[PDB]
Trainee: 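Let me begin by handing over the structure; questions about it come next.
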Amino acid sequence: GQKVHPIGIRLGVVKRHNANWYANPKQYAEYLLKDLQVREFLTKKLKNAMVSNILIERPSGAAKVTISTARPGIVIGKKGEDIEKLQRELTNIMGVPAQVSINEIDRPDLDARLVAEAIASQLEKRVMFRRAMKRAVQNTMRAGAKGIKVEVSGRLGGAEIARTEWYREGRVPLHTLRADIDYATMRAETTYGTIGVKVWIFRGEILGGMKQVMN
Amino acid sequence: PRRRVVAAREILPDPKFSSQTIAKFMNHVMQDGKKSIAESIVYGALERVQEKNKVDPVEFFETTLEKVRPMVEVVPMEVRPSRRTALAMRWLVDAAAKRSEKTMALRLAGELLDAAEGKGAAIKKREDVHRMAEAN
Amino acid sequence: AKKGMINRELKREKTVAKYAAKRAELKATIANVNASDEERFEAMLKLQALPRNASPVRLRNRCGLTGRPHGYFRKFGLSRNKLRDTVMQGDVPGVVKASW
Amino acid sequence: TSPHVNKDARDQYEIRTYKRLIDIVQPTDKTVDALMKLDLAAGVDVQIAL
RNA sequence: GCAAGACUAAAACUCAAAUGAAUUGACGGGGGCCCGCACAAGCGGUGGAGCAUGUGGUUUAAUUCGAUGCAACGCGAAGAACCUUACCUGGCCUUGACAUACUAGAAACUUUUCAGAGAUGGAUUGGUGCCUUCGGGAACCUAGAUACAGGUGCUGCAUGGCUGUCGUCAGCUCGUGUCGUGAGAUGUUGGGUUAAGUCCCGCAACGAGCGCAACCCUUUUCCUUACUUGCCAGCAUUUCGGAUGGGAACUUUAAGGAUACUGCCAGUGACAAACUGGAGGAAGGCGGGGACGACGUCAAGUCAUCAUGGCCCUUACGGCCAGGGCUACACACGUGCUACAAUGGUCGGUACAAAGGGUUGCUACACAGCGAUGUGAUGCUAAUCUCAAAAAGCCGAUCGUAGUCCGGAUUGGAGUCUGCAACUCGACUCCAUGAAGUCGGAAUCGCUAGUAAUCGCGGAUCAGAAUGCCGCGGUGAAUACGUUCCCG
């Protein structure tokens with residue numbers, strides 16, 4: 001059957017929201033639309049910067065966007081010129097001055113989004129899908145993860161009939177709500193259509209609850 | 001229930017006479033949660049029979065219910081003690097409705113008074129039951 | 001939704017915004033007791049002579065992302081299909097799965 | 001949750017709005033200045049009435 | 001050889017296989033075992049009537065397109081008068097309502113008009129703005145040019161994503177050793193028990209992982225912190241209204257904690273897993289409910305949320321407009337609402353909730369009206385003001401089994417409100433009218449406790465438009481001997 005979203009089911013348990021602001025019912029819709037526009041613009045602009053998480057906050061009449069990236073140099077620039085630009089377009093998209101903060105990811109192989117993007121980029125270059133999945137799983141397991149599951153769906157290898165394949169090493173306890181599961185979905189566009197990639201990474205259970213997550 | 005055997009529900013005695021028979025009769029009379037109306041009907045019937053004949057309502061009701069109580073049902077089968085009381089109350093309910101007094105309490109009091117001396121429609125129903133029973 | 005429908009809604013919204021003040025003034029004059037019956041009748045005719053798109057009953061709420069005209073949820077400004085996807089990945093602050 | 005037709009297949013979501021009230025009496029001169037100097041945490045709305 | 005036929009016995013031509021044994025899975029109108037509101041035992045419905053709503057069919061210029069056994073049919077649609085709208089009739093535009101790339105001119109805009117059903121077209125005003133290296137560049141408009149835009153057009157049987165279903169069914173996998181020439185097998189195997197591959201004994205195997213359970217939310221008892229907009233036990237004043245001074249006790253509000261573990265006592269199982277009973281306790285063996293859906297099945301559903309390979313149209317299958325249609329009506333079906341009455345109808349008096357909504361909004365109060373409602377006015381951005389009347393319930397009177405003082409369909413007349421506009425085609429109010437219906441064939445559905453039944457209240461969508469959907473509380477049952485039979 002169908003499976004619940006691993007982050008959605010944990011959003012109030014051991015996971016934080018990617019948006020952290022307050023708004024009254026009148027401003028809520030406008031704020032949400034501008035936040036979604038910001039996310040779309042950032043995702044389009046920073047494809048090659050290995051960007052995983054975007055966190056949007058509205059402290060008081062201002063905006064603060066924290067970008068988690070594995071290549072802070074490309075995001076920042078040679079003298080920090082590009083952060084000034086990013087602030088300029090983000091202030092244009094929103095209606096308040098925006099500050100851009102950078103968060104370096106020191107373990108790119110434990111981030112589900114980056115692994116999915118790597119697999120999708122490899123599939124877009126006609127790399128064998130079994131080899132790509134095995135390489136990704138091996139690298140993630142070597143980086144210290146407790147388990148990883150990778151699934152690819154579509155016209156695999158150009159075949160006319162679409163089918164789903166998946167590969168897993170370790171433990172992925174999806175039914176446990178206190179397990180730290182990172183989940184990502186990414187599509188690869190090939191000349192024969194679209195191949196979907198899903199990645200689950202398990203990093204151990206989280207004890208102490210949301211109170212210890214420090215919400 | 002295939003494997004599990006379920007215990008029978010225990011009901012509280014009625015607040016007035018502390019009689020589970022009266023409480024269960026009231027439950028049979030009651031429709032769609034109108035226990036107040038059921039209580040009015042039953043207590044009115046008991047008061048009516050008490051003023052007609054100075055006899056304890058609990059004793060009169062139990063004696064009449066024993067009289068109407070069937071040892072077998074309706075195609076004959078056998079029944080257990082609980083089904084005996086259930087069917088007795090069931091048959092006692094209808095005849096009061098088909099009676100012709102102005103209120104249900106008066107109708108039920110009249111039906112009980114007529115069944116106690118044997119000239120009751122519930123008694124006729126029991127007669128149909130057993131004259132059906134000797135068939136097998 | 002088709003791109004023409006989205007542009008149609010944009011045009012209607014712009015017309016409603018443009019004619020907002022005159023319409024309010026006309027309705028106030030209509031509902032003004034101190035004004036003469038002739039003035040109220042002239043105001044009624046003037047209000048009936050406005051373009052149809054000036055009226056706000058012809059605006060239809062559409063999803064801010066796809067333009068879908070069913071299942072709107074005014075609070076988020078998104079149709080149900082986009083609302084589910086955006087909520088379940090954590091982009092809507094404060095919204096969680098409800099159990100009770 | 002379904003794109004086309006499953007009326008009994010739905011997701012139920014909720015959002016809660018929590019409210020706190022604080023009263024300060026006999027404020028020292030430093031009180032108002034310190035409260036204004038206090039930083040604004042994201043996700044919390046603060047309203048002050050004198 | 002009487003015959004039927006028997007015996008001996010080829011070739012042309014044609015194919016790259018035909019076979020035997022064993023292995024894994026799948027299937028069987030093969031077997032065995034168990035569970036489940038599956039059947040039994042009960043309570044209340046549907047199929048009968050009127051109306052609401054969806055579908056089939058028919059009709060139509062159009063009655064837009066999808067969903068089709070269970071698992072389509074109050075489904076997409078959480079709300080079609082215009083809009084929505086995707087359909088029809090007619091009127092219009094063509095690099096286009098929208099993007100990038102090129103060449104020039106213009107602040108953008110703004111006031112009055114006329115023709116027109118409108119789309120559109122023609123006149124008519126005022127403004128002529130911003131930054132500078134100021135020799136032009138930022139915005140927005142206009143004109144020309146072609147690559148293109150556009151497509152709710154087709155393919156869900158080319159796809160991603162998402163969802164239904166079996167089904168909350170209980171299974172699904174891995175390592176080292178052994179056995180076999182081999183594909184493979186073992187482990188998961190039997191006896192008890194459990195919601196459970198849940199656990200214990202047995203067992204060339206020993207061990208693991210995912211499934212199960214728990215972690216998450218809500219409810220029941222108690223404690224700590226907190227004392228307003230919420231509360232009022234004691235004191236005092238009272239206009240007898242927490243109204244006032246006042247109090248921090250109680251209710252409540254809402255964060256954090258405690259508690260249940262077979263813990264104790266009495267027997268059993270087996271010498272176990274387990275099972276039975278009792279005290280204490282708010283609660284006793286999983287206390288109740290929600291969320292959470294394993295490996296997999298159905299070329300299941302969705303190209304009309306969206307994205308996307310391929311195919312197709314390009315003065316039209318694209319775009320703009322007014323009117324019409326999606327609301328038709330000899331019929332059939334599904335899901336509902338209201339009744340057929342006395343455990344009731346009406347009238348008068350009088351009690352007790354929870355949850356949720358409110359600033360282009362909810363409205364105290366007064367006046368006007370029989371009423372829908374209108375006018376003035378007050379508080380509220382809300383534990384502060386408001387929607388708001390809970391209803392069934394209790395007391396009294398009347399009606400006395402009648403198609404009725406039951407029922408409220410249909411129709412005539414007169415109005416209110418939203419909206420540019422209620423003819424097609426809105427909701428509500430008043431007067432008049434007063435249909436079928438007297439408990440529903442074969443058959444068929446839901447439900448095991450605060451449940452069924454019955455009574456009212458709120459919200460999403462939304463200008464207006466719920467008998468649908470999603471929630472909330474009030475009153476509050478009957479019956480389960482058991483697994484033959486029916487279904488999975």
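Below, chains carry the letters A, B, ... as their sequence lines are ordered, and counting in each starts from 1. Hydrogens, waters and symmetry mates are skipped; everything else that's a heavy atom, side chains included, is used.
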Trainee: Taking N or O atoms only and anything under 3.5 Å, show me the protein contacts with nucleotides 392-396 of chain E, one pair per line.
Mentor:
| unit_1 | atom_1 | unit_2 | atom_2 | d |
| --- | --- | --- | --- | --- |
| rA392(E) | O3' | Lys34(B) | NZ | 3.3 |
| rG393(E) | OP1 | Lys34(B) | NZ | 3.0 |
| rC394(E) | OP1 | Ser36(B) | OG | 3.1 |

Trainee: Compile the donor-acceptor pairs under 3.5 Å between side chains in residues 82-100 of chain C and protein atoms, sequence neighbours left out, one pair per line.
Mentor:
| unit_1 | atom_1 | unit_2 | atom_2 | d |
| --- | --- | --- | --- | --- |
| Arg84(C) | NE | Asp11(D) | OD2 | 3.3 |
| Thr86(C) | OG1 | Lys82(C) | O | 3.1 |
| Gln89(C) | NE2 | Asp91(C) | OD2 | 3.2 |
| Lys97(C) | NZ | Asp11(D) | OD1 | 2.7 |

Trainee: Using side-chain hydrogen bond (donor to acceptor under 3.5 Å, both in side chains) as the criterion, list what pairs up with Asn7(C), not counting sequence neighbours.
Mentor: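 None.
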Trainee: For residues 19-29 of chain C, dump all side-chain donor-acceptor pairs below 3.5 Å to protein atoms at least two apart in sequence or in another chain.
Mentor:
| unit_1 | atom_1 | unit_2 | atom_2 | d |
| --- | --- | --- | --- | --- |
| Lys22(C) | NZ | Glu25(C) | OE2 | 2.9 |

Trainee: Which residues pass the side-chain hydrogen bond (donor to acceptor under 3.5 Å, both in side chains) test with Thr91(A), sequence neighbours left out?
Mentor: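 Not a single residue meets the side-chain hydrogen bond (donor to acceptor under 3.5 Å, both in side chains) criterion with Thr91(A).
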Trainee: Can you name the atoms? Protein N/O to nucleotides 91-93 of chain E N/O, anything below 3.5 Å, with the distance.
Mentor:
none

Trainee: Mind listing the residues from residues 40-48 of chain C sitting with a heavy atom below 4.0 Å of RNA chain E? Number order is fine.
Mentor: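 Within residues 40-48 of chain C, the residues near RNA chain E are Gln48(C).
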Trainee: Is it the case that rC98(E) (base atoms only) and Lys3(C) (side chain only) share a donor and an acceptor within less than 3.5 Å, ignoring hydrogens and angles?
Mentor: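 Yes, the side chain and the base share a sub-3.5 Å donor-acceptor pair.
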Trainee: Between N or O atoms, less than 3.5 Å apart, protein on one side and nucleotides 35-44 of chain E on the other: list the pairs.
Mentor:
| unit_1 | atom_1 | unit_2 | atom_2 | d |
| --- | --- | --- | --- | --- |
| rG36(E) | OP2 | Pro1(B) | O | 3.4 |
| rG36(E) | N7 | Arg2(B) | NE | 2.7 |
| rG36(E) | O6 | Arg2(B) | NH2 | 2.8 |
| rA38(E) | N1 | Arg2(B) | NH2 | 3.4 |

Trainee: Is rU350(E) the Watson-Crick or G-U wobble partner of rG393(E), both distances being under 3.5 Å?
Mentor: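 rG393(E) and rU350(E) meet the Watson-Crick or G-U wobble geometry.
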Trainee: Any side chain to side chain donor-acceptor pair (under 3.5 Å) pairs touching residues 73-89 of chain B, not counting sequence neighbours?
Mentor: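 Sorted pair list: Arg69(B)-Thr85(B).
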Trainee: Indicate every side-chain donor-acceptor pair of residues 61-74 of chain C with a distance under 3.5 Å to a residue at least two apart or in another chain.
Mentor:
| unit_1 | atom_1 | unit_2 | atom_2 | d |
| --- | --- | --- | --- | --- |
| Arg62(C) | NH1 | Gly67(C) | O | 2.7 |
| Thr66(C) | OG1 | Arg68(C) | N | 3.4 |
| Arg68(C) | NE | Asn81(C) | OD1 | 3.4 |
| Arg68(C) | NH1 | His70(C) | O | 3.1 |

Trainee: Side chains of residues 113-122 of chain A: which donor-acceptor pairs under 3.5 Å do they make with residues two or more places apart or in other chains?
Mentor:
| unit_1 | atom_1 | unit_2 | atom_2 | d |
| --- | --- | --- | --- | --- |
| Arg113(A) | NH2 | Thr185(A) | O | 3.1 |
| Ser121(A) | OG | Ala118(A) | O | 3.3 |

Trainee: At under 4.0 Å between heavy atoms, which parts of nucleotides 292-316 of chain E does protein reach? Answer with one letter per nucleotide, 5' to 3': B base, S sugar-phosphate only, - none.
Mentor: SSSSB----BB--BSBSS-------
Trainee: Quick one: label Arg12(C) by what it contacts on the DNA or RNA (base, sugar-phosphate, nothing), any heavy atom closer than 4.0 Å.
Mentor: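 Answer is sugar-phosphate: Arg12(C) comes under 4.0 Å of backbone atoms only.
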Trainee: Checking all strands, does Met5(C) fall into the base, sugar-phosphate, or nothing category for heavy-atom contacts under 4.0 angstrom?
Mentor: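 Sugar-phosphate, no base atom in range.
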